[PDB]
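Novice: Structural data only, the sequence is not supplied:
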C-alpha cells in the first residue's frame, strides 16, 4: 500500500469552496499545484493525482484529464471511462493498493491526494499521509466546505514561503511533514532554510580567502553575506548540530535587563562570557583596575543607556543615556512605518572600556501586514559557533518584540561582514554538512507576559527540536 | 562579411602559452570556454569557432573537432579533411566571407575567434571584433607567446566576474565590448551589474508592501535587500538614467572635510542639502535657534569627531571626539585583517540636533588579495533617486580609500533596510526599465594625490559615461 | 507593423462554436494550440497571442492569462487591467503597431491571432497573415459561428498531419503559408515531408556502405528504408530539384494501357526508356531477335496480362493472363477491407524476356475512412534520379485509383530495398541539400473522367509547382 | 557493497591499448562513453566512475576530473588530492564499500568501472558486475593490453547497435547483462528491440482504424509499418510471450523442402496448417476434389518451382519451374552486390488453386561487410499471433542462408501492409504489454551442415530463452 501527500488551498477559517467554486483566483497557486503534482525526479516516471468525482467534474471539460499525471478518480455510481491517463477506484484504500502493484509500482514516482472536501476529511490525518502542501490564504471570505485543522501533534512545518499578494489576496505555501524526509519533492526538500546556512559554510570553505593573525590562528573568509529566515511557521534553531538554546534565552534576557555583569550568567550556569571577564583576560588587554566579570559598557548598557558615562557594573544608570529598546518598542506600537526603528551597540567613544567590542552591532525593525521583521548587521561572523547562536538570538528578540507589541513575527535577515571558518573547524564542519536538516522546531511565548522586562526562561516553549548528535 | 568575438585566457604580462602548452590548469575557464562557444539563443542553430592550424593540432586528437560547433581551421599548406563539423579556409577574411553565405547565413548564430597567437594578433583589434571575452589570470609565470593589450580607446568593460581561485591561481572573466550590445551571448549580456538595480526596482513595484504616512504620501516597499558591485574593471554609475556624478564627488569631499555647513555645497552649485537647511525647514522641525545651512552634527561631524559636543557649524572641533576616517585608514594600512574597520554616522545622543538623521548609517571595510571592499548599510532607500547616488558615493569612497592606502578597489556591497519606490515614481521608473544598460564608465584617480584630505573634483576622471536621456 | 499567423480549430462546414462553447473536446488540439503559441526558438523571448474580448472571457477565470505568452486582448468599452502579461489594444492594426515597438520589438518572437469569430473574419485573409494553422475537424455538428474558407489563390499547404481520432472525432493539423517560409515555427517548418527524402539522402551519403560492380561504377548504399507521404492536402512532387512530371504522367498512362512499346513514349517526346530499348542495348543483353523498342513483358504487360505467353509488343493479348489493375479496382470498390489488394510486376518466369527487370516490383492498397492508401516496394532505389520520379508516379497512381473508385487519397508509403547514391552524384546532391523546400503543389484530376483507361495528360492539373533551379 | 557496470572499447582480438595510447580515434564512442557515465534518471543525483591510476593519468591534464561525475581513482603509492569531485580508494572492494555509505548512498545513482587493463581483468567477470557496455571494434590493429573474453555462461546480450563507420573503422555498442534488468541506464534499457514490437502493438490498439467483415469479426488496423531487428548478437524470439520456436523451425524446413503436404507437419506434431487443410475447410472454399492436406501451390512450391503447372502434393516437380531458393543462394555466393536477390510466393495465376494465398509474400536479400540482411513484405499481419512467429521465421531463414553462404547474419527488416489486432485480443495483449522484455536468446547453427536441404531441427541451438508465462 503506497503513501501519499496532500495538496490543498484553504482560507484562515480552513475553507476550500464557496458554491462548488473557489472564492479566489490565484494563478501563482495554480502554477504551484501544477509544478508539485506534474514534475518528477525521474524524467521517465510520472505522478498519480487521486481525486473525488466532485473534484474530477469541477475541472473544465477541456483540461481533463490533468496532463502529465495518472488521474485516479474515486467513484460510487453503484459512469467514467478508464484510459492510459484515467483510472476509476472504489476507495482511497483501493487506489493506494493499485499503485503499489505493477505497472504503477515502477511507473508512479509519488502519489498526491488533491480533494475534494469528502476525500480530504479522510486523507488529511491518516498515518499514510507523509506530508501536507497547504496554500494558506489570508482571507475570511465565506466558504461552505472546510477541512480539519492540520494535527500539529503529528505534523511539523518543513518550509513556508515568503508571503505573496495576487488579485487582492495575501497567501503563502507551507509544507508540513509527518513526524529521512526524502519522500518530499526535491523542490520542497531544498526549501528548508537551514540549507541557506549549510550552502554558505560550503561556499566559504570552498572559495573563502585564506588569512592569518599575530598568534598564528588561520581562517577562510568571505565578505558581505545575507541569509533570510521565515519566523512565521517555525523557529530557525539549527538541526544539523545542537544550538545552545538555553544560553541564547539567558544571554538575551541579560542584554534586555541592561546588565554588563558576566557573573549574572555564571550564577545561572551560562559560561559563554567567562573567557572575556576573567582576571587573566582583563589584565591581558590592560583593564587591570576592572573587577572580574565587569565587561564594561557592552550590549546591555548600549541598548538601555547609550551615551551615559560608564563607571562600573554595580552603578544605577536609571534615567542616564538613551534607552534604545524602549524607543524601538514605542515606534513599533505608535509609528510602525518609521524608517529609523534601530537599536545599536556601536559606540566608538566607549570601545576602549569594553572587554570585547560589539560584534552584532546594529538591528533595524520593519512592520507590514501585522508582522515584525528584523535585519541585523554582524561585523564578524564565525560560521561554526557564533552564527547559529546569533540567528537564534535575534530571531528570539524579533519574536519577543512582536509579542509585547501585539504583532506576529515576519522575517529575520542576517547580514554578515567578515564571515569566516577557522582552518581547525573545516574537518568537523564537513562532517556536519553530511547531516540532512530535520524540520525546525516551533517556539511559543507565554501569552500572560506583555512587558519586555517581565520574561523568564520558562516563558519560551520549544516543541519538536531534535538535532543531529554532537 | 560576418562579425566575431574573441575568447582568450591570458596572464598579467598578457601571455597565452609556455612551450606550445598552457602554464596553468583551470577547469572553471575550460567550462566557461565550452559554455560561451557551444550554447546558442536558438536550440536549432549553432556557433562557429575559428582557429589557427597550431590551435587545431594543440587539441588532443580524441576531442577533435570541438563538438556542437562548426570548427573553421585557417590553413596554409601551399592537409586536413572537410566534414559536416570541419571547414578549412585560407584567411580570417575568407572564413568570415563563407559564414555570411548559405547555408551558414542561417545555420551559424555567432562566430568566435579562439587563437592561436598569430590569428589573435590580427583579430583582437579589428573593427569587426564586436567583443573580447578575456580570462584574466593573476600570475607572472613565464610565457613565450603574447597578444596585444586590449585597446581601451575602442573597447570598454561590460562585465567582470568575482575573482575565483583554482589550482593555486586567482583569475576572473572580463567581457569588453566595442564602442545595442545585443550581439553579446545572453548569459554575458545578463551579467551587467546594472540589472541588479533594475531587477530590484521591478521586484519592489511588483511585490512591495503598500504603505502611507501623515501627509498622504504613498510607497511600495521591501525590507532587507543586498546588491554587490564589482569595482575592479568599471565604476557603477547607472546608465539607464543619468546620475548626478558632480554632486556625488562634491558631497563626498564635503563629508571627508568634516563640514556640516550646507552653504559650502550651495556656493559650488550643489543644492541637494538645500531643502534640509532652509530657515523654513529648520523652523518646521523646531530648530528655530539654528542658522540657515547649519545641518547640525550630521555625516561629516560623526565621521571626523564622533562623540564631541556640537555647538555650531563654525566651531573648530580639532582634537575633539573620535576620528573614524583616520582610524579606518590606519587599520587598512597597518592591520588590514582587522574585523572592526568601521565608520558610522549613527549617534543616538545627537539625533535631536540633526537637520536629518543619517540614512547611510554605517560602512565596514575588508582587505584580501590587495583589494579593498566596502559594505554599507542604508536604513531607508528611495530606489528612484537616493539609491543610484549612494551606490556611486560609497563606490567612490572605496576607490579613494584604496588609492590613499596603496591598494586596488574590490567590491561595494549595498545593504538596504526599508527599500521603497514612491507611488508617484512608478510610471517614470517603468519607462526607465525599458532602457537597456550601456557599459559602465571607467574611473581613474590622480596618482599625485596620496592623502584623504587633499582631493578636489578634478582628481576624478570618468571615461565613457553616456547614459540614456532625461 | 509586425506580421502574424492564425491558429484556429474548425468543422468541415468551417464552424468554430456552438452556443459560445466548442461542440467538441480534443485534448490533442489543446496541446497543439499550447505548443505552437507558447514555444520559441529563443528560450529568452516569448510569443504574443492576440484575441477578442469574447475569446478572453471564454477562457475559464483560473487559467487567465494564457501563461508563458504576452496576451493582447482587443477591446471596445467606449474594463480590463493591463499587467506584465496582459495588454489591451483598440484594433488588430494597433496591436501590430505596438508589438513592432520597444520593448516588444525584441521581447516578442512571433505573433499569433487566435480569435474569436469577429477578429478571424478580418485577420484570416489579410496580407500580413504569413500562415494559417488550421485544425480540420471531420464533423458536421451544428455551429453558429463560421470563418471564411482559406483563400487557396494566396495560401498553399505546407504540411498536414496523419489524421487522429479522439473522443469520437477524426481531425488533422494543416499549416498553410502565404505565397523563405522561415517565419514558420521550427516544429512546423520541419514537418515538410520533403525532409523525409532529404534526411534519407544525407543518411546514405554519411553512413551508406561503399560498393562497386564489374564496370568500375561506385555507390553508397543502405538497405530497408521507408518514407510516408500524405496525399490529402498536397502532392509530393519534390521542390529542391525539378521532377520530370510530364514523363511521370505519360509513363503511368503507358503502364495502365498495358503497352510494352517504348516507341509510344518516344513519339510523345518521352525518352526515359530509350536507353533500354535501343538496337545496341538489346544486342548487348543477347536479345538480337527483339525489335527496337520491344521491352518484352515489363510493367504494362504484367499489370494487365500477368501469366500470359509474351510474343512481341504488337500482339493483341485481350483476355490473356490475369488483369491485376481491373482486380485492384474491383476490390477497392466492392471489397475495400480485403488484405490482398495487390498489383505486382514480379514474374520470375518472364525475367529472361524483359529488357530490364521490374524495380518497383509490387504495390498493396488499403481503404479506411473513405481514403485510399498505397505501399510500394522498390528493390533498387537510385536516390538522385529514380526515387523522386517513383514517389510522384505511385502518388499519381493512388490519386487516379481513388478518383475512379469514388474515394479520396490517403498516404503513399515508399519501401526501399537497396537504396543508393552514385559516388559521382554526391557533389550535386550536397548542393541540392542546401535548398530549403517550397510548399508542395496541389494536384486536381478532371471530374468528368471515371474509368482507368480514359485519362490523358490534360486531365491532371498541378498548381503552385515552383522548384529550385537546375 | 554497491554493484557496478563496465564501460570499455576493445578490438576483435579484445585489445584495449597500443603503447599507453588508443590505436583508434572514434568520437562516436567518446560521446557514448560520456552519455552513459554522465546522464542520470534523477537530475539531482550523479554517477561514480571508478578507474586505475594509469587510466586517471592517461586523461589529458585539462579535462581532469571527468566533469559531472564522482571520479574514484584506485591508488597504491605505499600522491593525488581528494576534492568534491575526486576520491582515492585502496581497492575496487573499498570503493564499492565507500559508495554504499552516506553521503554517496543517496548521492550516487550508478557506478561504472572504466579501466584500465589491471582493474578490468578483476572487475569484468565478478558477480557484482550487473552489466558490460562493450564498444566492439572491427579491427586487428596491434594491441599490447587485452581483457578477458566476456563469460557468455553468465552474461547475455541485451542490445547491440546498428554498426557504424568512423575514421576508417567499423564498430558497434553491445550491452551484456548478468543472468529486473532495471539496473540498466534508461537509454540502454529502451534499446531492447522487443519494444519495437510492443510500441507497435500499443500504437495499433490506441490509434488503429476500426473495421469489420462478413462474419462479424472486428479489428483495429494500421497500414505501412516497419520493424528492424539486429541478428548479429542475439535472435529476436519474443520474451513477453512464448513463441512456438519448434513450429517455426519445422515449418521453415518444410518450406525449404518444397512440400505442400500439411500431413508432413501433422506427422511431426505441428498443427498450424491443419485448419487450412481439413476436408471441411477445402470443401468450404470450393476445392471439393482436393485431398485432405493438399494446400495447393503454396510457399514451398512457389519457392522451389515458381511457374510450374501444379497437379497434386504427390507429383515429382523436379526440373519444373524456377528454383528461387537456389537462385538466391547462387547470387549471395557469386554476385553478392546484385539488387535482385529476391524470393517470392506471389503468383496471381496460382491463387485460385491455393488453400490460402501467401501472406509473407516476398523477401529481398542484401550483402555488405560480410553480413547477410533480409527485408520481408507481409501483406496481412496479425500482431498477436502471426507477427512474432514470422519475425522468428525470416530471422531463421536469414541465419540459415548466411550459414550455407559462409557469411554472418546482419539485420531482418519486417515490412507490414495491413497490420491488425483482433478486438478480442486487445485484453490479453494489454496484459502482455505489462511484461518487461528479458534478453533475447542466442541461436547457433551446426557448423557441419553446409547445404540448404540438409538441415534438421537438432541443427538449431537456442540458449537463454526464458519467456514470461502463458
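Specialist: Okay, I see it. Numbering: from 1, shown residues only, chains lettered A, B, ... in the order given.
Novice: From now on I want contacts and neighbour counts done on CA atoms only, so please keep to that.
Specialist: OK.
Novice: Can you give me the end-to-end span of stretch A:147-157?
Specialist: End-to-end distance of stretch A:147-157 (Cα to Cα, to the nearest Å): 18 Å.
Novice: Now tell me what touches that stretch from outside.
Specialist: A:14-16, A:117, A:120-121, A:124-125, A:131, A:174-179, A:233-234, A:439-441, A:464 (Cα atoms under 8 Å, 6 or more residues apart in numbering or on different chains).
Novice: Emit the ChimeraX select command for whichever of these are buried.
Specialist: For the buried members of the contacts of stretch A:147-157, the matching ChimeraX selection, counting by 16 or more other Cα atoms under 10 Å in any protein chain shown, is:
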select /A:14,15,16,117,120,124,125,131,174,175,176,177,178,179,233,234,439,440,441
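Novice: and residue A:383, how far is that from chain D?
Specialist: 20 Å (Cα to the nearest Cα, to the nearest Å).
Novice: so what's the residue in the stretch 101-250 of chain A positioned nearest to chain C up against?
Specialist: Nearest to chain C in the stretch 101-250 of chain A, going by Cα to the nearest Cα, is residue A:167, at a distance of 11.0 Å. Listed by Cα under 8 Å, 6+ apart, the contact set of residue A:167 reads A:25, A:26.
Novice: number of nearby residues for the residue in the stretch 251-400 of chain A that chain C sits nearest to?
Specialist: Across the stretch 251-400 of chain A, the shortest distance to chain C (Cα to the nearest Cα) belongs to residue A:369, at 23.6 Å. Look at residue A:369: counted by other Cα atoms under 10 Å in any protein chain shown, it has 12 neighbours.
Novice: number of nearby residues for the closest residue to it other than its chain neighbours?
Specialist: Nearest residue to residue A:369, sequence neighbours excluded (Cα to Cα, 6 or more residues apart in numbering or on different chains): residue B:209, at 8.0 Å. Taking other Cα under 10 Å as the criterion, the count of residues near residue B:209 is 18.
Novice: Surely residue B:209 touches residue B:203?
Specialist: No - with contacts counted by Cα atoms under 8 Å, residue B:209 stays clear of residue B:203, the gap being 10.9 Å.
Novice: Tell me who's in contact with the one residue in the stretch 351-470 of chain A that gets nearest to chain B.
Specialist: Across the stretch 351-470 of chain A, no residue is closer to chain B than residue A:380, which sits at 5.9 Å (Cα to the nearest Cα). Going by Cα under 8 Å, 6+ apart, residue A:380 touches A:359, A:360, A:416, A:417, A:418, A:419, A:420, B:339, B:340.
Novice: Quick check: phi and psi on the fourth one?
Specialist: Phi and psi for residue A:417, reported as degrees, to the nearest 10, are phi -80, psi -100.
Novice: List the residues that contact the closest residue to it other than its chain neighbours.
Specialist: Spatially, and ignoring its direct neighbours in sequence, residue A:417 is nearest to residue A:379 (4.5 Å; Cα to Cα, 6+ apart). Applying Cα under 8 Å, 6+ apart, we find residue A:379 in contact with A:359, A:360, A:361, A:416, A:417, A:418, B:339, B:340, B:364.
Novice: One more: residue A:105?
Specialist: Contacts of residue A:105 by Cα under 8 Å, 6+ apart are residue A:99.
Novice: how about it, phi and psi?
Specialist: phi -60, psi -40.
Novice: And residue A:173, by the same measure?
Specialist: Torsion angles, degrees, to the nearest 10, at residue A:173: phi -110, psi 120.
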